[PDB]
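start17.pdb follows (PDB, C-alpha atoms):
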```
ATOM      1  CA  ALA A   2      46.955 -32.252  41.263  1.00  0.00           C
ATOM      2  CA  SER A   3      46.335 -32.067  37.537  1.00  0.00           C
ATOM      3  CA  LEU A   4      42.702 -32.937  38.323  1.00  0.00           C
ATOM      4  CA  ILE A   5      41.625 -29.313  37.893  1.00  0.00           C
ATOM      5  CA  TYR A   6      42.554 -29.278  34.205  1.00  0.00           C
ATOM      6  CA  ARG A   7      40.938 -32.620  33.419  1.00  0.00           C
ATOM      7  CA  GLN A   8      37.918 -31.301  35.304  1.00  0.00           C
ATOM      8  CA  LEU A   9      37.655 -27.989  33.447  1.00  0.00           C
ATOM      9  CA  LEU A  10      37.993 -29.952  30.236  1.00  0.00           C
ATOM     10  CA  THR A  11      35.453 -32.592  31.222  1.00  0.00           C
ATOM     11  CA  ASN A  12      32.463 -30.819  32.742  1.00  0.00           C
ATOM     12  CA  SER A  13      32.101 -28.404  29.834  1.00  0.00           C
ATOM     13  CA  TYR A  14      28.553 -29.321  28.837  1.00  0.00           C
ATOM     14  CA  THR A  15      26.602 -27.354  31.455  1.00  0.00           C
ATOM     15  CA  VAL A  16      28.025 -24.061  30.181  1.00  0.00           C
ATOM     16  CA  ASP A  17      25.505 -24.246  27.342  1.00  0.00           C
ATOM     17  CA  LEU A  18      22.541 -23.959  29.708  1.00  0.00           C
ATOM     18  CA  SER A  19      24.103 -20.975  31.476  1.00  0.00           C
ATOM     19  CA  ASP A  20      24.340 -19.085  28.188  1.00  0.00           C
ATOM     20  CA  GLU A  21      20.602 -19.220  27.604  1.00  0.00           C
ATOM     21  CA  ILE A  22      20.229 -18.395  31.285  1.00  0.00           C
ATOM     22  CA  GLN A  23      21.782 -15.139  30.169  1.00  0.00           C
ATOM     23  CA  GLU A  24      19.369 -15.055  27.233  1.00  0.00           C
ATOM     24  CA  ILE A  25      16.317 -15.577  29.437  1.00  0.00           C
ATOM     25  CA  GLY A  26      17.589 -12.499  31.224  1.00  0.00           C
ATOM     26  CA  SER A  27      18.303 -10.814  27.897  1.00  0.00           C
ATOM     27  CA  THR A  28      16.057  -8.518  25.922  1.00  0.00           C
ATOM     28  CA  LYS A  29      15.377  -9.361  22.288  1.00  0.00           C
ATOM     29  CA  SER A  30      14.173  -7.302  19.353  1.00  0.00           C
ATOM     30  CA  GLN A  31      13.748  -7.719  15.622  1.00  0.00           C
ATOM     31  CA  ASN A  32      14.443  -5.258  12.819  1.00  0.00           C
ATOM     32  CA  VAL A  33      12.073  -4.945   9.882  1.00  0.00           C
ATOM     33  CA  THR A  34      13.176  -5.380   6.288  1.00  0.00           C
ATOM     34  CA  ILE A  35      14.953  -2.455   4.661  1.00  0.00           C
ATOM     35  CA  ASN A  36      14.442  -1.598   0.999  1.00  0.00           C
ATOM     36  CA  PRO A  37      17.826  -1.309  -0.731  1.00  0.00           C
ATOM     37  CA  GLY A  38      18.886   0.026  -4.108  1.00  0.00           C
ATOM     38  CA  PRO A  39      18.304   3.413  -5.716  1.00  0.00           C
ATOM     39  CA  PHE A  40      14.798   4.762  -6.268  1.00  0.00           C
ATOM     40  CA  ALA A  41      13.209   6.313  -9.332  1.00  0.00           C
ATOM     41  CA  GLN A  42      12.235   9.972  -9.595  1.00  0.00           C
ATOM     42  CA  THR A  43       8.899  11.619 -10.308  1.00  0.00           C
ATOM     43  CA  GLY A  44       8.454  15.326 -10.932  1.00  0.00           C
ATOM     44  CA  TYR A  45       5.115  16.891 -11.855  1.00  0.00           C
ATOM     45  CA  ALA A  46       3.000  17.038 -14.991  1.00  0.00           C
ATOM     46  CA  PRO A  47       2.730  20.379 -16.825  1.00  0.00           C
ATOM     47  CA  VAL A  48       0.682  22.399 -14.355  1.00  0.00           C
ATOM     48  CA  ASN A  49      -1.368  25.162 -15.927  1.00  0.00           C
TER      49      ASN A  49
ATOM     50  CA  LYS B 438     -40.017  25.022 -31.779  1.00  0.00           C
ATOM     51  CA  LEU B 439     -42.433  26.636 -29.321  1.00  0.00           C
ATOM     52  CA  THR B 440     -46.018  27.000 -30.521  1.00  0.00           C
ATOM     53  CA  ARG B 441     -47.653  30.445 -30.388  1.00  0.00           C
ATOM     54  CA  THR B 442     -44.356  32.332 -30.070  1.00  0.00           C
ATOM     55  CA  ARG B 443     -42.721  35.323 -31.752  1.00  0.00           C
ATOM     56  CA  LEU B 444     -39.073  34.194 -31.554  1.00  0.00           C
ATOM     57  CA  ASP B 445     -37.523  32.176 -34.375  1.00  0.00           C
ATOM     58  CA  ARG B 446     -34.498  29.857 -34.419  1.00  0.00           C
ATOM     59  CA  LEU B 447     -34.384  28.602 -30.829  1.00  0.00           C
ATOM     60  CA  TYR B 448     -31.889  25.927 -29.771  1.00  0.00           C
ATOM     61  CA  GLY B 449     -30.807  24.032 -26.671  1.00  0.00           C
ATOM     62  CA  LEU B 450     -32.481  21.342 -24.623  1.00  0.00           C
ATOM     63  CA  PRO B 451     -35.218  22.668 -22.332  1.00  0.00           C
ATOM     64  CA  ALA B 452     -35.595  22.790 -18.582  1.00  0.00           C
ATOM     65  CA  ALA B 453     -39.234  21.964 -19.354  1.00  0.00           C
ATOM     66  CA  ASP B 454     -38.940  18.200 -19.769  1.00  0.00           C
ATOM     67  CA  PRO B 455     -35.387  17.014 -20.536  1.00  0.00           C
ATOM     68  CA  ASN B 456     -36.455  13.369 -20.097  1.00  0.00           C
ATOM     69  CA  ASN B 457     -39.768  13.429 -22.037  1.00  0.00           C
ATOM     70  CA  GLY B 458     -41.089  11.290 -19.183  1.00  0.00           C
ATOM     71  CA  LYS B 459     -38.717   8.599 -20.439  1.00  0.00           C
ATOM     72  CA  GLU B 460     -35.801   7.022 -18.610  1.00  0.00           C
ATOM     73  CA  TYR B 461     -32.172   7.903 -17.919  1.00  0.00           C
ATOM     74  CA  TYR B 462     -29.618   7.992 -20.754  1.00  0.00           C
ATOM     75  CA  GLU B 463     -27.357   4.924 -20.694  1.00  0.00           C
ATOM     76  CA  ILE B 464     -23.732   5.032 -21.897  1.00  0.00           C
ATOM     77  CA  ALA B 465     -21.200   2.185 -21.921  1.00  0.00           C
ATOM     78  CA  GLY B 466     -17.638   3.447 -22.147  1.00  0.00           C
ATOM     79  CA  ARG B 467     -14.237   2.786 -20.679  1.00  0.00           C
ATOM     80  CA  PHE B 468     -12.255   4.856 -18.194  1.00  0.00           C
ATOM     81  CA  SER B 469      -8.552   4.951 -17.354  1.00  0.00           C
ATOM     82  CA  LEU B 470      -7.410   5.778 -13.815  1.00  0.00           C
ATOM     83  CA  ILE B 471      -3.648   6.401 -13.568  1.00  0.00           C
ATOM     84  CA  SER B 472      -2.603   7.242 -10.021  1.00  0.00           C
ATOM     85  CA  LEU B 473       0.318   7.208  -7.580  1.00  0.00           C
ATOM     86  CA  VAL B 474      -0.835   4.713  -4.955  1.00  0.00           C
ATOM     87  CA  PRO B 475       0.807   4.484  -1.556  1.00  0.00           C
ATOM     88  CA  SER B 476       1.703   0.832  -1.146  1.00  0.00           C
ATOM     89  CA  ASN B 477       4.568  -0.845   0.704  1.00  0.00           C
ATOM     90  CA  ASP B 478       5.197  -3.679  -1.789  1.00  0.00           C
ATOM     91  CA  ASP B 479       6.889  -6.250   0.503  1.00  0.00           C
ATOM     92  CA  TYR B 480       9.270  -4.471   2.866  1.00  0.00           C
ATOM     93  CA  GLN B 481       9.221  -2.954   6.365  1.00  0.00           C
ATOM     94  CA  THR B 482       8.388  -6.389   7.716  1.00  0.00           C
ATOM     95  CA  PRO B 483      10.121  -8.996   9.854  1.00  0.00           C
ATOM     96  CA  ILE B 484      12.817 -10.687   7.792  1.00  0.00           C
ATOM     97  CA  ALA B 485      11.902 -13.894   9.645  1.00  0.00           C
TER      98      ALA B 485
END
```
Go through the file and emit its structure as structure tokens.
Amino acid sequence: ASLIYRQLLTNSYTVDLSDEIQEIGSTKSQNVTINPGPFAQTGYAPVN
Amino acid sequence: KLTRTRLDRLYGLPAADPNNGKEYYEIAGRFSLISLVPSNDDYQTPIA
């Protein structure tokens, strides 16, 4: 009767496929690079 | 100096013939152009 546990242990390769079966159903998007760090200032030259 | 005239001490280039029939004035000189370009250096792009 312990066959179910040896089974669930054994046939644990196929799971992998299933996961990407989710992925093939899944949407995917990328996120462009962000520019970190502070940024320098710039005012205006003496305007006459 | 304008021949057959009554006015003395006249200056300034004329509208009569500023080129004397000759060619354009040529000048070789440098020029600096300091400006705030818009330019996304490397970012806002796929990180892959």
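Residue selection for this entry, given the PyMOL selection byres ((chain A and resi 35) around 9), comprises residues 32, 33, 34, 36 and 37 of chain A; 480, 481 and 482 of chain B.
Residues matched by the PyMOL selection byres ((chain B) within 12 of (chain A)) in this file are residues 473, 477, 478, 479, 480, 481, 482, 483, 484 and 485 of chain B.
The two atoms in question, atom CA of residue 48 of chain A and atom CA of residue 469 of chain B, are spaced 20.0 Å apart.
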Subject >> Of the listed residues B:470, B:438, B:475, B:463, that which approaches residue 451 of chain B most closely, counting only C-alpha atoms >> reply: B:438
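Note that atom CA of residue 23 of chain A and atom CA of residue 7 of chain A are 26.1 Å apart.
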Expected axis-aligned box over every listed atom of segment 46-49 of chain A, 6 Å added per side, centre plus edges in Å to one decimal, as lines of an AutoDock Vina configuration file:
```
center_x = 0.8
center_y = 21.1
center_z = -15.6
size_x = 16.4
size_y = 20.1
size_z = 14.5
```
Original post:
Hey, can you check how far atom CA of residue 466 of chain B sits from atom CA of residue 448 of chain B?
Top reply: 27.7 Å
